[PDB]
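Every chain is numbered from 1 and lettered A, B, ... according to where its sequence line falls, protein lines coming before strand lines. Whatever order the structure lists them in is the order used to number ligands and atoms, beginning at 1.
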2 protein chains.
Amino acid sequence: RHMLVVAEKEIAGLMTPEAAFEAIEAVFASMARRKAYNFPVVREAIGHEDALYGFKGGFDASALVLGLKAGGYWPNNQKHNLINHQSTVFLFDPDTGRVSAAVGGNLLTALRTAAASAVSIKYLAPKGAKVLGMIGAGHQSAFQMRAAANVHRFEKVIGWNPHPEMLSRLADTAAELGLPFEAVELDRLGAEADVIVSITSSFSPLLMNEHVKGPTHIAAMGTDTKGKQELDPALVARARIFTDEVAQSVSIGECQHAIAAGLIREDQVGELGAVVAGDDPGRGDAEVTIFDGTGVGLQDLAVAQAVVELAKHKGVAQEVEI
Amino acid sequence: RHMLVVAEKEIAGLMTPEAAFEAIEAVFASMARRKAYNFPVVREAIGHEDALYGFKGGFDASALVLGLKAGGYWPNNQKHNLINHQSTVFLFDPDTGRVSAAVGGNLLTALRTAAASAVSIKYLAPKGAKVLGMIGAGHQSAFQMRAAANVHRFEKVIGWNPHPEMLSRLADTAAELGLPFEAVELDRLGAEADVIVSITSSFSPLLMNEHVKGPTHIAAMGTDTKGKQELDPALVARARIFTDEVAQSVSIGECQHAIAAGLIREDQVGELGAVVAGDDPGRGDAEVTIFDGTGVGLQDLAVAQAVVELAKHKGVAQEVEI
Ligand SMILES: NC(=O)c1ccc[n+]([C@@H]2O[C@H](COP(=O)([O-])OP(=O)(O)OC[C@H]3O[C@@H](n4cnc5c(N)ncnc54)[C@H](O)[C@@H]3O)[C@@H](O)[C@H]2O)c1
Ligand SMILES: NC(=O)c1ccc[n+]([C@@H]2O[C@H](COP(=O)([O-])OP(=O)(O)OC[C@H]3O[C@@H](n4cnc5c(N)ncnc54)[C@H](O)[C@@H]3O)[C@@H](O)[C@H]2O)c1
Ligand SMILES: [Tb+3]
Ligand SMILES: [Tb+3]
């Protein structure tokens, strides 16, 4: 009996935005139909090298995926010539309990996060969305724009960056996709962008309520810890809200600040997967929609189960006896 | 950069009861000195194949060992020609966060469980213990007897089992250890066994309060789940109690019943590691001592780290790129 290992350097040549979209769109519908759930997250500051280490487990009864993503954040990894984020996904056989696969989760995390916002664009973007708005130009921004253009045909890409130095990262990605780009200010972005994808490590409201005008869908992907914030709580409180895990959205998600101040209800925080499964009308007659993407382990298990199938069909899945 | 893999079939040729004893003894001391700790345990009934699946993580700052054991219990694994207990230890580099090793955990679990019971024997057994009492003849009962005979020199082994046909497993291993065996009922076992080791999956009190007579150390290893029970809560109430994790002992351990009945309070539950680290005198003049072995992830981590060290020396550690 052997287990499969898919090295990190193989993920780029195997995964695609289409393959990432299929896995995440499917795992959203399973969570809505209560065929899949996330385990309680373990998150520990081990008190050594300032590390944050933990596990994100889950089980998908619809796709028979069982396992976890283990790892975290090592801020001092520069001395090792390594990136700060280090994670690994372990898959187990749901029928027997044996380990089945082990895949690096660094690039997979960026792809499933980009695929998550792409699902919210497919099911919540306004009719005939013209301009794509990008708030932030970090490492994740290139994956977010590529996943957005893969699911919706855009005509213009406008972008704003809290740090104007790396504004060129959005322009290179927009030119890569064959779309024009224009660096705009935050007030003009909310008025022209029909779809807005924010992906910053911000601790204060960036996109204000008076900025957003007209039908607009917002993919709030930045806030994933207690304390972070990207949107004006007044802006969150006028939009129909969808998320991946309601418990995480009201605690460490973008909605954490509006539910605490009593600006929105907890029972009004919808599930994006409920729209994919057809149980939720979706955008409906709301002018502004917000997808509060917080990140769940089932997203990491779905794309990991996809790369192991693509790897062994390609011939790059390492067979290991264990 | 790469990842090591130690197959399950190599564990037997690498681990010895003495090597497992030295690892677990040191881990008990590190926990008492607060140089190591266990992460919050995840334990989920996923609903598929009646399986119990979860993670037991931990970190040993003294030995710089980090990781978790993943897996659990598949009650119907006999139809797959597999044992019901399936687990796997994943070690991570504490300085970088990258995964370092994956080790088969089936044989490791039984070894460290037997080592934990042997540590309590070395530090809590009555002076000159001559008769070892085995309550349970399951799979792990053989490992418990071998580890107990390795740390302490016994003259006789008496055994009892709810299903009396399995007693051949105790007699066979008693023959391997050069020790005579006699099957008995629980009334004689409690009055003649100086050291008692219970390793049953029971939900009813077996060893009663008036069964135990004279100086006796009871290594209760079977109860690791809310609802299981091996001992009479009255017997637990009159004994000097030690455990590996006080939080688990009062909830899923043997003390869960004497705690709920108000017979004892959690501050009356000691730590076996404090006896190992010299901070606790241990037995003293008490007539009955109990070690509530529930199982902690650091035990798996310590015994797996030693296996990786031996596997690299013996040359049986598979180098895998990830
Ligand atoms: N929701 C998910 O599933 C998921 C997954 C991965 C990452 N993320 C989140 O995405 C966010 C960015 O990911 P990245 O890796 O692209 O980070 P990154 O640091 O590469 O980009 C940082 C962005 O945050 C902005 N920024 C930095 N400090 C700021 C401050 N003090 N105030 C306002 N803006 C500030 C920078 O201008 C830049 O745009 C992080 O917050 C991360 O947690 C979410
Ligand atoms: N504490 C630890 O660190 C640790 C580690 C591993 C296993 N365990 C526990 O050890 C126990 C047995 O381990 P095993 O894998 O050797 O199990 P096993 O099933 O091989 O043997 C189980 C024994 O329990 C007894 N038993 C079974 N059903 C019973 C019932 N209904 N009432 C009373 N007695 C009954 C029988 O004597 C049987 O031999 C399990 O409960 C397991 O959780 C503890
Ligand atoms: Tb059943
Ligand atoms: Tb028979």
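- Classified by interplanar angle (parallel below 30°, tilted 30° to 60°, perpendicular above 60°), the ring pair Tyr73(A)/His85(A) is perpendicular.
- Applying the 6.0 Å contact sphere to CG of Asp267(A) captures more than 12 heavy atoms from other residues, nucleotides or ligands.
- Exactly one residue among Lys56(A), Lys69(A), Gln305(A) makes a side chain to side chain donor-acceptor pair (under 3.5 Å) with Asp300(A). That residue is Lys69(A).
- Annotation: atom 9 (C) of ligand 1 to nearest protein heavy atom, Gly222(A) O, 3.3 Å.
- The contact set between ligand 1 and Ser202(A), taken as ligand atoms under 4.0 Å from a residue heavy atom, comprises 32 (N), 33 (C), 34 (N).
- Close approach of ligand 1 to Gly293(A) is summarised as follows: ligand atoms under 4.0 Å from at least one heavy atom of the residue are 1 (N).
- When hydrogens are left out, the protein atom nearest atom 5 (C) of ligand 1 is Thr113(A) OG1, 3.1 Å; that is the closest non-hydrogen contact.
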Evaluation steps, side-chain contact (heavy atoms from CB on, under 4.5 Å), between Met208(A) and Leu186(A):
CA-CA 9 Å; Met208(A) 299 307 299; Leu186(A) 203 46; over 6 Å; no

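- Aromatic rings of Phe92(A) and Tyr53(B) (six-membered ring for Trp) have centroids within the 6.0 Å cut-off, being under it.
- Under 3.5 Å, the side chains of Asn84(B) and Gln78(B) contain no donor-acceptor pair of N or O atoms.
- Shortest contact from atom 21 (O) of ligand 1 to any protein heavy atom: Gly138(A) CA, 3.5 Å.
- Annotation: atom 44 (C) of ligand 1 to nearest protein heavy atom, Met221(A) O, 3.1 Å.
- Put simply, part of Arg112(A) is less than 4.0 Å from ligand 1, judged by heavy atoms.
- Looking from atom 7 (C) of ligand 1 to the surrounding protein, the closest heavy atom is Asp224(A) OD2, 4.2 Å.
- At least one donor-acceptor pair closer than 3.5 Å links the side chain of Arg240(A) to the backbone N or O of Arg283(A).
- For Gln299(A), no heavy-atom contact with ligand 1 is shorter than 4.0 Å.
- Distances from atom 12 (C) of ligand 1 to the heavy atoms of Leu206(A), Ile199(A), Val296(A) show the closest one on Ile199(A).
- Under 4.0 Å from ligand 1, not a single heavy atom of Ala110(A) appears.
- Of all protein heavy atoms, the one lying nearest to atom 15 (O) of ligand 1 is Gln140(A) CG, 3.7 Å.
- Nearest-residue assignment for atom 17 (O) of ligand 1 (options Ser201(A), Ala116(A), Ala114(A); heavy-atom criterion): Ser201(A).
- At a 4.0 Å heavy-atom cut-off, ligand 1 touches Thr294(A) through the backbone alone.
- Residue-environment remark: NZ (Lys35(A)) stays at or below the threshold of 12 foreign heavy atoms within 6.0 Å.
- For atom 39 (O) of ligand 1, the nearest non-hydrogen atom of the protein is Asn161(A) OD1, 3.2 Å.
- Close approach to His139(A) involves these atoms of ligand 1, each under 4.0 Å from a residue heavy atom: 16 (O), 20 (O).
- Nearest protein heavy-atom neighbour of atom 37 (O) of ligand 1: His163(A) ND1, 2.7 Å.
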